[PDB]
Each structure stands twice: as C-alpha cells, then as structure tokens.
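Structure at a glance
Okay, here's what each chain looks like letter by letter:
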Amino acid sequence: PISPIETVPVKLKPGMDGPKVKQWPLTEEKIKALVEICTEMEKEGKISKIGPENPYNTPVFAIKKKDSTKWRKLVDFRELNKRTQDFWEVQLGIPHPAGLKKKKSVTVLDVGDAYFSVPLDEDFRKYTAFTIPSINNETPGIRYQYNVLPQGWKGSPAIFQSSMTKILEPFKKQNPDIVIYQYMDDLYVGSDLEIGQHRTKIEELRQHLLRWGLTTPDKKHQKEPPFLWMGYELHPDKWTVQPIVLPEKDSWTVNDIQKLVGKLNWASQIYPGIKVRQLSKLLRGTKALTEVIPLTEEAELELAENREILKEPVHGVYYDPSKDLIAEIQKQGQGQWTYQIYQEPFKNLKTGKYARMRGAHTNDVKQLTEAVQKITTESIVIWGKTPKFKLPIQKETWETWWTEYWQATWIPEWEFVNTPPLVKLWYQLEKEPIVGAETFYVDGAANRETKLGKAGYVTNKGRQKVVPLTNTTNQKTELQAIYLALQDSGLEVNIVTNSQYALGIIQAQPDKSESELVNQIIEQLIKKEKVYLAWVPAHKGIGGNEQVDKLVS
Amino acid sequence: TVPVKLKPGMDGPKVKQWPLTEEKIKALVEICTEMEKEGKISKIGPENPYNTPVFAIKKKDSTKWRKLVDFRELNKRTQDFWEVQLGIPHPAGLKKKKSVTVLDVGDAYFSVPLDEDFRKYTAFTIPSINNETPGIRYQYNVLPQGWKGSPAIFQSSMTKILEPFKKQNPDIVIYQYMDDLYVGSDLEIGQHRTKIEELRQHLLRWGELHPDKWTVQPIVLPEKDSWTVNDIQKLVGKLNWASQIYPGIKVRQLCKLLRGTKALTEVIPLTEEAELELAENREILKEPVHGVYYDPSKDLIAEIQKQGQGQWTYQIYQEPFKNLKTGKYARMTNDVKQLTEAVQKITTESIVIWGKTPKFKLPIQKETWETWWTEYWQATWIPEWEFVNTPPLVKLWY
DNA sequence: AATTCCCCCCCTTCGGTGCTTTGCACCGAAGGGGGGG
Ligand SMILES: Nc1ncnc2c1ncn2[C@H]1C[C@H](O)[C@@H](COP(=O)(O)OP(=O)(O)OP(=O)(O)O)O1
Ligand SMILES: [Mg+2]
Ligand SMILES: [Mg+2]
C-alpha cells in the first residue's frame with residue numbers, strides 16, 4: 001500500500017508550465033496490459049481519474065519486465081523533466097561484492113512495487129497526467145493522474161532512495177550488529193547469529209517495512225545460497241558474476257562490436273587477462289551502427305583469447321579487515337595493464353585492466369603511474385584503504401624518473417616484483433655536453449602560406465644538407481630537422497635547436513606517440529648511445545644557428 | 001541575521017563529493033552526529049540541488065579529526081562580503097613584525113545562526129564505504145567554517161572581544177583572514193607565548209611564523225673561470241629571457257663569440273667586451289626590479305617549480321614578467337607532500353603580506369593531486385589551483 | 001522506429017581553452033556499449 005512517509009516537496013522550474021504532449025497510437029497488447037494495470041492501481045489509490053480540469057498529458061507505454069507475464073508501465077516524461085527542478089542524486093556509486101565481509105547468515109529482499117509505494121507531492125500530481133486509449137477509438141480515452149512516484153520521472157530515484165533510507169534508519173539504529181546493503185529497493189541483510197535468530201530478525205525487519213507501506217513478497221525473498229545480488233552470485237565463501245554470454249556471429253556490425261566490448265569490460269573484473277584494444281580499434285572512423293566490419297586478424301586473436309578466458313570458472317573472495325590489501329600490476333604491451341587486488345596469494349578479491357591512452361606522447365612509467373592512481377582511487381571506494389602495490393618497475397628506475405622529472409610524482413608504499421616484462425626508460429638525455437662528438441646545429445622553416453618548408457643540419461666538421469618538405473607546419477619541419485640530424489650521425493651526438501616544442505616533446509622521454517615523425521625520432525634515439533640536446537635562442541645573432549636559419553630559408 | 005545574497009545571475013555550488021578514506025569517514029559521521037544534536041547542521045533530502053565536497057583533516061599534532069568543507073566555489077558566487085567588507089583591512093605593518101602566531105578561532109563561528117534563505121547552498125554529502133547506503137546529506141544552520149561570509153558576518157563580534165585586549169597592548173597587530181587569528185607581536189619569543197595565552201584566556205572568558213626572515217630571491221649568473229661554447233649558449237638564453245624581466249640587459253658583447261659553426265665543448269677565449277658586459281648585466285640582476293606595485297583589483301598568481309633534491313621555487317606575480325615576490329622552499333621521499341607543504345607556506349606568506357590567497361599553478365598531474373592532496377593538507381583555507389605542463393626551458397630560476 | 005528515469009564503468013569524437021608554437025596538446029561533455037534498481 002501507499003506509505004505514510006512524508007512527501008518530498010517538488011516544484012517546476014521558474015516560468016515553466018506543465019507538459020501537453022499527445023499520446024502515440026499504441027499496439028493492442030500494450031493497450032490491454034495498460035488497461036489491466038491501470039485498474040488495480042486505481043483501486044489501490046495509486047492513480048486517480050481526472051477530466052477537463054486537467055489540461056496536461058504525457059505519453060505512456062509498457063515494456064516487458066525481466067520476468068515474463070508482467071508489464072512495466074512507463075511514462076515518457078521527457079518534456080516534464082526539462083521543466084522539473086534540479087535534484088542532487090544521493091547514489092554515489094555501486095556496491096561491490098569484493099567489499100563485503102564474511103557474514104555467517106545472509107538474506108536478500110526485494111520490495112514489490114517500489115516506486116508505487118511512495119507518495120508524490122500533492123501540488124505536483126496535476127502535471128503527471130496521462131491518457132489510456134480505448135482500443136479502436138471506441139471511447140475518447142480515460143485520463144489519470146499519479147498519486148505515487150512515476151516511473152520515468154527525473155526525481156523519482158532520489159526521492160525513493162531517501163525515503164527508503166529514512167524508513168530503514170530506526171531499524172538500523174535499534175540493531176547495529178546487522179549489515180544492510182541497500183540499493184534502491186534491493187536489500188542485502190547479512191549478519192552473525194544462527195539461522196534461527198537471523199530469520200527472526202529478518203521477520204522483524206519485514207514487519208517494520210510493512211508498517212511503512214513497503215511490502216516484500218515471498219517470491220522475491222531469498223533465504224538460501226547462492227544469492228543473486230546485483231548481478232553477482234554470492235556464495236558462503238566466494239562470489240561470481242552471473243554468466244556472461246558473448247555474441248557468436250560470423251558477420252560483425254558496428255553495433256554488435258560494442259555489444260561485445262561492453263560485455264568484456266564487465267567481465268574484466270574477476271576474469272584476468274582481458275584485452276579489448278584491438279576490438280575497440282575497429283570502432284574508429286565508423287559512421288553507421290549497421291555497417292558490417294570485418295575482423296582484422298588482430299581482433300580475431302583477441303576474441304579467441306577472451307573466449308578461452310571466459311571458459312574457465314573463476315571466483316572472488318570476501319574482504320578481511322584483519323589482513324593487508326595487496327595489488328599486483330603487469331604489463332601487456334601497447335599500453336595495456338592488468339591488475340589484481342588480493343589479500344592471500346592466488347585468491348583475488350578483484351581484477352581489472354587499464355588501457356587508457358592519455359596524451360599524444362607517453363612512455364611506460366607515466367602509464368604505470370596512471371594505472372596506480374586508478375587502482376588507488378577504486379580501492380578507496382571499495383575498501384576505504386589504499387593497498388600495497390607490487391609494481392614491475394625497478395626501484396632505481398623509479399628513482400631516476402621522479403628525481404629528474406619536472407613534475408611531482410608519487411606512488412604509495414610499493415615493492416618491486418620481478419615478473420618478466422619490466423617497465424624501463426629506453427633512452428636518457430645527458431645533462432652535460434659530450435666531448436669528442438659532432439655538434440649538430442639544426443633548424444627548420446616553413447612558410448605559413450603554401451605549406452612548404454625546409455630542414456637543415458649544418459654542423460661543426462663542415463657537413464651540411466637542406467631537405468625540402470611539402471605540407472608541413474612550423475613544428476613538423478623542426479621535428480624533421482631533428483630526425484635528419486639524428487639519422488646522419490654516429491653514436492655520440494649533440495643536437496642544438498632553437499624552439500621549445502621539439503625539446504618539450506623529447507625531454508619527457510617518450511617511447512610511443514600518435515605521430516609517425518616522433519616515432520621515428522624515438523627509434524633513432526634508442527639506437528644512439530649518448531645524446532645531448534640543447535636549446536639556443538633563434539634570431540639573436542647566434543652564428544651557426546643563424547647560418548642554418550638562412551640555409552633552411 | 002544578515003541577508004546574504006549571491007551574485008546577480010549565479011546558481012550555486014554543484015560539485016561532486018570525492019571518495020574518502022575509511023578513517024576519514026568513521027571520524028566524519030561522528031563529528032556530524034554530534035554537530036546535529038546541537039543544531040549546527042540538519043539533515044536534508046535530494047530536493048536541494050546544491051552540494052559541496054567535504055573531508056576531514058587531522059591538524060598538526062592535535063590527535064583529533066576536524067571537518068573541513070571545500071567552500072572554494074561557494075566563495076566565488078557568494079560575493080555578499082559587505083558587512084565591513086574590509087574584513088580587518090590588511091595592516092601593512094603585519095609583515096614587518098618580528099613574529100606572528102596563528103590561532104584557530106573555530107568554535108566561535110558556530111554560535112551565530114546562518115540566514116535561512118542561504119542554508120540551501122551550504123549542503124554537503126557524506127559518502128559510504130563500498131556504497132553500502134546512499135550518501136547522507138546535511139546543511140548548515142550556523143555559520144560554516146571556510147566560507148568567506150563567516151568572518152564578514154562575525155566581524156561585529158570579534159572587534160568587541162578584542163577591544164579589551166588590543167587597547168591594553170597597542171604594539172600588537174592582530175589579523176583574521178578566514179578562520180585563523182594572525183596575532184603579530186614584536187617582543188621576545190618567550191614573552192610572545194605569554195602574550196598569547198593571555199589572548200587565549202581572553203577568548204575563553206569572553207566567548208610560530210617569523211616574517212622578519214622573508215626576502216626576494218633574484219636570478220644569479222654563474223661565476224666560472226673557464227667558458228666553453230655551451231656555457232655562453234646557456235647564458236645567452238638565460239640573458240635573453242632575463243631581458244624581458246630585467247630591462248637594460250644587453251647581449252651584443254655576448255652574442256658575438258657564438259658566431260660561426262664551431263664546436264660546442266671547446267673553451268671560448270673570453271674577451272674584454274664580454275667581460276664588461278658580464279659584470280654590467282650581473283649588477284642589474286643584483287638589485288630587485290622596481291616599478292612593480294601590488295594592485296588590489298587583480299588576483300595574485302603563484303607558480304611553483306620542481307628543482308629536485310627537495311628544492312622548490314615559486315614566483316608570486318600579478319602580471320607576466322613582473323614578479324612581486326620570489327622564494328625557494330627547501331625540503332622538510334614524498335613528492336606530493338612537499339608540494340602540498342609548499343602551497344600552504346606560500347599561501348600563509350601571501351595572506352600575511354597581501355591578505356589574498358594567490359591562484360596557484362601546480363606542476364603536477366590533476367589525477368595525482370586530487371588523489372593525495374587531502375592527506376597532507378593541514379590548513380583551514382583552500383586556494384584555487386590550476387594545473388600546468390611546462391618543461392624547464394633553460395633552468396631560468398635556479 | 002522504437003520512444004522512459006537515476007547511478008557506476010569503458011571507448012571514441014568534437015568543440016572549447018591555453019600558449020603562441022594561428023598549430024598543437026589537454027580536457028570535458030556527449031554519443032555508443034556493459035552492469036544495477
Ligand atoms: N526500466 C526502468 N525504467 C524506469 N524505472 C525503472 C526501471 N527499472 C526499474 N525502475 C525503477 C522503478 C521500480 O519501481 C524500481 C525498482 O525496480 P524493480 O524492483 O524491478 O520494480 P518494482 O519493484 O516496481 O516491481 P516488482 O514488483 O517486480 O518488484 O526501479
Ligand atoms: Mg529485483
Ligand atoms: Mg522490487
């Protein structure tokens with residue numbers, strides 16, 4: 001029934017009226033389902049008949065519920081939402097079973113008719129008016145208005161969550177030794193005490209809820225393991241995701257590729273080693289969601305690997321506050337990382353992957369730091385404490401990186417682990433000039449009208465060469481000049497440039513880039529054994545740097 | 001109460017609450033539980049569209065958690081600040097005092113009720129561990145701590161309690177920026193503490209800085225006998241940039257030995273023209289640049305740089321290439337902790353000197369800063385910071 | 001050619017912003033997908 005809880009005062013945005021949308025022609029089965037539903041609801045006072053005094057209207061339809069033989073009646077409140085006042089949602093995240101503790105007794109409850117058991121503000125009911133049609137336009141239609149929270153309204157979820165919290169507060173105040181994970185209307189009540197006392201307390205909770213209108217039907221009340229909770233199968237000592245079925249097709253469209261990447265990201269939290277880089281690359285540049293895309297022999301290998309991985313049943317474990325959180329990170333190549341958070345060896349609380357590509361140019365250390373931050377900020381949410389990392393990076397490499405980088409870098413308490421692919425810096429630029437090495441005065445120019453440029457590398461011993469470039473801006477010509485200086489040189493080399501752009505790219509030791517020129521720079525830099533890069537102001541009378549300026553111009 | 005109002009045509013704070021550590025949550029639902037019994041805060045629902053981040057900080061050797069609300073955004077749109085808008089207008093003699101002390105008048109703001117039509121903006125949400133329950137929303141009934149309008153309202157209650165104290169001791173200058181009392185005396189340190197407890201006793205009954213050690217750090221050129229081609233090349237670049245900040249620097253006598261396509265590790269034969277130009281340019285760098293004046297109509301900008309081995313460097317300025325103050329913070333392992341301590345020291349120096357927190361430009365990635373900056377913060381106020389990515393050009397500040 | 005609403009996540013695209021280097025690198029919002037109620 002309708003709860004005696006107080007009604008949250010809602011109002012429209014200033015200067016806005018109510019919706020006046022018209023009803024679409026509905027199908028016969030949906031019309032019959034709506035008429036059947038809007039009769040039981042009307043008898044219980046959840047909706048009320050109206051007439052000419054109400055000029056508002058909003059389309060209504062009915063989708064099929066997750067369980068068959070039941071219809072969910074929704075209202076297309078898309079013009080009312082544009083005029084409703086703003087809300088601050090109180091749901092800040094999603095509970096995870098890895099953060100649960102090992103409770104001796106567990107019960108999962110589901111409130112029946114969750115939204116239709118919370119009253120709606122009396123001054124806001126006139127706007128939520130709708131019109132059930134008559135079948136074959138026999139009658140002109142029956143108009144109703146909502147006395148409870150509508151489904152499809154912007155403010156309904158927050159209002160219901162706050163009402164449920166207020167309802168549950170006295171019970172949790174009386175019983176502080178019982179854990180209750182609430183998510184909308186799904187309740188996970190876990191506690192100590194034997195099965196008899198736990199069932200007695202569950203009955204007390206159900207009576208308390210029934211005193212507040214909310215009813216918990218016996219069909220949605222689970223008392224024995226496994227418990228289907230929030231997409232997971234909670235067990236007494238482990239947990240698992242509900243079975244994931246990947247699409248199996250011989251012709252892949254654009255839309256069905258992202259219906260496979262999405263189900264792999266979800267599966268990549270208890271399943272270790274899931275990669276979606278090659279599959280996701282297939283979505284770059286596509287236009288239509290029905291465009292057939294052929295697999296590129298690299299997405300097929302990833303698909304086979306992920307299909308093999310999903311074939312073995314894996315399980316998680318529950319949190320233990322009297323134990324230490326450990327997180328291991330491993331490299332996968334091409335900027336992909338796989339991490340697992342555990343407390344005991346070979347018993348993972350959680351798994352995950354990080355493959356985001358931030359910035360045009362990067363290296364392994366920066367991506368490892370980003371993965372560390374992501375894991376830290378996720379573990380803070382789930383367990384409320386940072387874990388101890390076991391990174392695949394040497395202490396000396398991290399030291400040489402953070403004591404020489406021009407940015408503040410820190411990662412928490414961490415221990416080096418030696419598991420093949422290691423994070424390292426491929427090349428380093430010497431801070432001092434190298435004696436007995438040819439000094440390379442490079443420059444590059446490009447007219448900003450016809451997109452023609454030239455590069456020059458005139459050096460100490462007398463060597464010089466000017467190379468023309470087509471369709472290059474003022475920066476690509478400089479990068480080409482550096483590339484050509486690096487190419488025609490021995491092992492030890494000193495390169496002096498006149499702009500900050502190339503230095504800023506090169507100084508932060510990139511090992512992979514989104515531009516082919518910087519990539520060629522990187523593969524050349526690793527080949528050399530000693531490189532010294534220096535800056536010089538361009539048009540300040542500096543000979544050599546000015547001699548090459550004439551050469552490139 | 002006072003009719004607090006926002007700027008013409010401004011909505012209000014709508015910031016998302018960041019996740020908190022389990023220690024900062026167990027010690028935040030306890031503070032807020034007791035704060036609600038006394039009526040300081042009250043529960044609200046989702047019908048209030050506004051929000052503000054909240055977190056707890058354990059102050060210096062206090063062994064107690066203190067709730068801190070990041071009112072940075074609400075300060076920007078409040079703009080009431082009219083009741084004695086000056087807020088104890090900045091005494092120019094505060095920076096010249098031998099020693100000043102910072103005292104936190106915290107529980108004094110929790111006695112004057114906040115205007116009813118304003119408590120909706122001072123709303124915050126307390127997160128839950130593993131999202132067990134939806135966040136608990138609260139709003140302030142009394143004047144909050146950290147909001148710029150709290151000192152501006154409590155002004156005609158602190159100038160009265162301090163009246164029988166600062167009248168007996170005219171040689172003490174007391175400043176209150178946001179929530180802290182900057183009492184700047186001039187006596188001996190031993191007598192300074194005695195003069196502090198008397199003020200503390202005065203505060204109770206009626207309900208360690210040293211600004212004498214601050215100076216600007218100028219750019220210094222190296223002094224070496226052997227001069228290689230690279231060395232002049234670095235100096236020319238440094239002098240070329242130094243010209244725009246130190247007008248009158250000439251490089252004609254120095255941008256002449258770099259003429260040609262010679263080597264870069266050979267020793268240059270320094271001439272008399274360069275030698276005279278070197279000494280002349282050094283003397284201009286000796287005296288700090290004059291002609292710069294603080295304009296209270298424009299906001300200050302800070303710029304921290306990392307120099308390694310724990311050394312940092314900042315340049316507080318209002319317009320580019322016109323520095324009002326430069327300094328070097330030494331080390332006090334951790335990198336974010338040092339930067340966090342650097343921001344507090346610069347902010348404390350800026351408040352003492354100009355009374356305004358500068359707009360910082362941190363040399364750190366955003367995701368690294370927001371993850372850890374609340375762990376080492378220990379000050380009531382929070383400055384507005386912007387993140388930058390600029391490699392060191394020519395090492396032009398150290 | 002079906003039409004709804006909130007929350008978290010990932011992946012790609014496009015426009016705005018800042019510095020100057022009138023291109024180029026970053027960032028955030030919006031589209032798609034997954035999961036939950
Ligand atoms: N597709 C949806 N569109 C709009 N609101 C939804 C949707 N799914 C769920 N909700 C909201 C409204 C529901 O009242 C609330 C709880 O979901 P759910 O438990 O599935 O429904 P219910 O409690 O109304 O019916 P039941 O009797 O089957 O429990 O979540
Ligand atoms: Mg359900
Ligand atoms: Mg239900």
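Parameters at a glance
Residues numbered from 1 in each chain as written, not as in the entry; some residues may be left out. Chains lettered and ligands numbered in written order. Heavy atoms only, no water. Residues with missing side-chain atoms left out of burial classes, pairs and counts. Helix = DSSP H or I, 4+ residues; strand = E, 2+ residues; numbered from the N terminus. Pairing = 2+ DSSP bridges. Axes fitted to C-alpha atoms, helices over the stretch in contact; angles between N-to-C directions. Near = heavy atom within 4 Å. Polar contact = N/O pair within 3.5 Å; in protein donor to acceptor, adjacent residues only side chain to side chain. Areas by Shrake-Rupley, 256 points an atom, 1.4 Å probe, with all protein chains shown as cover. Nonpolar A, V, L, I, M, F, W, Y, C, P; charged D, E, K, R; others polar. Donors = N, O, S within 2.8 Å, 3.2 Å for Na, K, Ca; no water. Tetrahedral: all angles 85-135°; square planar, octahedral: opposite > 155°, others 65-115°. Domains from an automatic or database assignment. Contact = heavy atoms within 4.5 Å. Buried area = accessible area lost by both parts, 1.4 Å probe. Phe/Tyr/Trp six-rings, centres within 6.5 Å; stacked < 30°, edge-to-face > 60°. Buried < 20%, exposed > 50% of the residue type's maximum accessible area, 1.4 Å probe, protein only. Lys NZ or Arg CZ within 6 Å of the ring centre and 35° of its normal. Salt bridge = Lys/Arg side-chain N within 4 Å of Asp/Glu carboxyl O.

Structure determination for the deposited model, as stated in its record, used cryo-EM, and the stated resolution is 3 Å.

The name the PDB entry gives chain B is HIV-1 reverse transcriptase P51 subunit, with Human immunodeficiency virus 1 as the organism.

Chain A appears in the PDB entry as HIV-1 reverse transcriptase/ribonuclease H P66 subunit from Human immunodeficiency virus 1.

Examining the overall build of chain B
When its secondary structure is counted, chain B shows eleven helices and 13 strands. Across its three principal axes, chain B shows a C-alpha extent of roughly 80 × 55 × 45 Å.

Focus: the sheet that holds strand 11 (residues 239–241) of chain A
Residues and elements named next belong to chain A. Ordered in space as 9-10-11, the three strands form an open sheet in which the pairing is antiparallel. Each edge of the open sheet is held by one strand with a lone partner, namely strand 9 (227–229) and strand 11. On average, adjacent strands in this sheet sit at an angle of 30° to one another, irrespective of strand direction.

Section: the site of ligand 1
All names here are of chain A. Surveying the vicinity of ligand 1 reveals the residues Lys65, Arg72, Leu74, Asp110, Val111, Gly112, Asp113, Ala114, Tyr115, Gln151, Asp185 and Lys220. For ligand 1, an oxygen atom lies 3.2 Å from a polar atom in the backbone of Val111. With respect to ligand 1, the backbone of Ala114 contributes an N or O atom lying 3.2 Å from an oxygen atom. Protein coverage of the free-state accessible area of ligand 1, which is 570 Å², stands at 68%. Taken together, the residues of the shell around ligand 1 sort by class into four nonpolar, two polar and six charged.

A look at the coordination of the magnesium ion (ligand 3)
Residues and elements named next belong to chain A. In this structure, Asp110 (OD), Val111 (O) and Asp185 (OD) serve as the protein donors to the magnesium ion (ligand 3), at separations of 2.0 to 2.3 Å. Note that the magnesium ion (ligand 3) binds six donor atoms; their angles at the metal cover 66 to 167°, and the shape is octahedral. Sequence spacing among the residues donating to the magnesium ion (ligand 3) works out to D-V-x73-D. For the pair the magnesium ion (ligand 3) and the magnesium ion (ligand 2), the metal-to-metal distance amounts to 5.0 Å, and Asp110 bridges them.

Things to note about the domain arrangement of chain B
When cut into domains, chain B gives domain 1 (22–213), domain 2 (229–286) and domain 3 (304–387). Centre-to-centre, using C-alpha coordinates, domain 1 of chain B lies 53 Å away from domain 2 of chain B.

Thoughts on the environment of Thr347 of chain B
Residue and element names in this part refer to chain B. Looking at the secondary structure, you find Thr347 in helix 10 (residues 336–353). Spatially, the C-alpha atoms of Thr347 and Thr357 are 5.5 Å apart, while their sequence positions differ by ten residues. Residues within four places of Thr347 in sequence aside, it is in contact with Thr357, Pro358, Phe360, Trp381 and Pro383.

What about the sheet that holds strand 10 (residues 312–319) of chain B?
Two orientations exist for strands paired in a sheet by backbone hydrogen bonds: parallel and antiparallel. Residues and elements named next belong to chain B. Reading across the sheet, the three strands line up as 9-10-11 and stay open at both edges, with antiparallel pairing between neighbours. The two strands at the open ends of the sheet, each matched to only one other strand, are strand 9 (304–306) and strand 11 (322–327). Taken pair by pair, the neighbouring strands of this sheet meet at an average axis angle of 25°, ignoring direction. Sheet topology places strand 10 next to strand 11; five bridges connect them, and they run antiparallel. Within strand 11, the position partnered with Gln315 by the bridge is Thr326.

Here's the deal with the domain arrangement of chain A
Residue and element names in this part refer to chain A. Along its sequence, chain A is carved into domain 1 (252–309), domain 2 (326–402) and domain 3 (439–551). Each of domain 1 and domain 2 was reduced to a C-alpha centroid, and the two centroids are 23 Å apart. Counting residues at the interface gives 13 residues for domain 1, matched by twelve residues for domain 2. Carbon and sulfur atoms make up 46% of the area that domain 1 and domain 2 hide from each other, which totals about 940 Å². The largest contributions to the domain 1 side of the interface with domain 2 come from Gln269, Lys275 and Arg277, which together make up 49% of the buried area. Of the residues in the side of domain 1 that touches domain 2, the class split is five nonpolar, five polar and three charged.

Considerations on the packing of aromatic side chains
For the structure on display, the rule yields 40 aromatic pairs over all chains. Judged by centre distance (6.4 Å) and plane angle (50°), the ring pair of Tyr319 of chain A and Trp383 of chain A falls under tilted. Remark: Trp383 of chain A occurs in helix 8 (residues 364–383) and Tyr319 of chain A occurs in the loop between helix 7 (299–309) and strand 14 (326–331); sequence separation between them is 64 residues. In this structure, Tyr319 of chain A and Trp383 of chain A share a single accessibility class: buried. Members of the aromatic cluster, joined through ring pairs, are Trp18, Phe55, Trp369, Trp373, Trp377, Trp381 and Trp385 of chain B. In this arrangement the basic side chain of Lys16 of chain B is found over the ring face of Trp88 of chain A, its NZ or CZ atom lying 5.7 Å from the centre.

Details of the interface of chain B and chain A
Across the contact, 60 residues belong to chain B and 65 residues belong to chain A. Counting residues per element, the ones that place at least two in the side of chain B that touches chain A are helix 8 (229–245), helix 10 and helix 11 (366–376) of chain B. Top element by residues in the side of chain B that touches chain A is helix 8 of chain B. It accounts for six residues. Across the side of chain B that touches chain A, the residue classes tally to 25 nonpolar, 22 polar and 13 charged.

A closer look at the pattern of salt bridges
Once the charged atoms of two side chains with opposite charge are near each other, the side chains can pair. The final tally for this structure, using the stated rule, is 38 salt bridges over all chains. A salt bridge links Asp218 of chain A to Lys223 of chain A; the shortest N-O distance between them is 3.4 Å. A relative accessible area of 33% means that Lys223 of chain A is categorised as partly exposed. A salt bridge links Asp70 of chain B to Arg72 of chain B; the nearest nitrogen and oxygen atoms lie 2.5 Å apart. Residue classification places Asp70 of chain B among the buried residues on the basis of a relative accessible area of 1%. Overall, the relative accessible area of 14% leaves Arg72 of chain B in the buried class. Connected through shared salt-bridge partners, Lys331, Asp364, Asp511 and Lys512 of chain A make up one network.

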